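K.L.:
sequence unknown, structure follows:
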């Protein structure tokens, strides 16, 4: 149908905007701490601690399959990255501290994203 196409164009355009959002958030992680999945070879107990692992590469795979229906879904995955880190790692660690800085800096990007998503519809 023509309606299904229009819906698909909307999804494609959301994917475009979320790709730019993802790039801007990942720039706030210049150490690449959150770039890839925590390695279960190197942290064998990880899934005993963290039930839903997340990282920027995993988000990018979902994004490119147009697997984010709305900004809320995308933010859920970004918050997982941060929240998983802040539980597994202690306050006095470079990992925890990286997550705090990512959260604080990402907030600004996500605030305007929400306005753009609502504005453009």
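P.N.:
That came in fine, so what should we check first? Numbering: from 1, shown residues only.
K.L.:
and the helix or strand harbouring residue 107, what's buried?
P.N.:
Assignment of secondary structure by DSSP states H and E places residue 107 within helix 94-120. Of the residues in helix 94-120, those scored as buried under the neighbour-count criterion (16 or more other CB atoms under 10 Å) are 95, 96, 98, 99, 102, 103, 106, 109, 110, 113, 117. Bear in mind the C-beta positions are built from the backbone N, C-alpha and C, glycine included.
K.L.:
how close does the residue positioned nearest the centre of the chain sit to residue 37?
P.N.:
For the chain, the residue nearest the mean C-alpha position is residue 78 (3.1 Å; CA atoms, centre = their mean). Residue 78 sits 15 Å away from residue 37, taking CB to CB, to the nearest Å as the criterion.
K.L.:
try residue 105
P.N.:
Taken as CB to CB, the spacing of residue 105 relative to residue 37 amounts to 22 Å.
K.L.:
ok, now residue 94?
P.N.:
When distances are taken as CB to CB, residue 94 and residue 37 turn out to be 18 Å apart.
K.L.:
check the chain for me, the residue farthest from its geometric middle.
P.N.:
In the chain, the residue that sits farthest from the middle, by CA atoms, centre = their mean, is residue 1; the gap is 32.2 Å.
K.L.:
residues near residue 33, how many?
P.N.:
Counted with other CB atoms under 10 Å, the neighbours of residue 33 add up to 19.
K.L.:
who touches it in this structure?
P.N.:
With contacts defined as CB atoms under 8 Å, 6 or more residues apart in numbering, the neighbours of residue 33 are 85, 94, 95, 98, 99.
K.L.:
now the helix or strand encompassing residue 17 against helix 94-120, angle please.
P.N.:
Residue 17 belongs to helix 2-27 when assigned by DSSP H and E. Helix 2-27 and helix 94-120 are oriented at 150 degrees to each other (axes from the mean of the first three to the mean of the last three CA atoms, to 10 degrees).
K.L.:
give the buried residues for the helix or strand following helix 2-27.
P.N.:
Toward the C-terminal end, the helix or strand that comes next after helix 2-27 (DSSP H and E) is helix 46-49. For helix 46-49, the neighbour count (16+ other CB under 10 Å) marks no residue as buried.
K.L.:
understood, closing this out.
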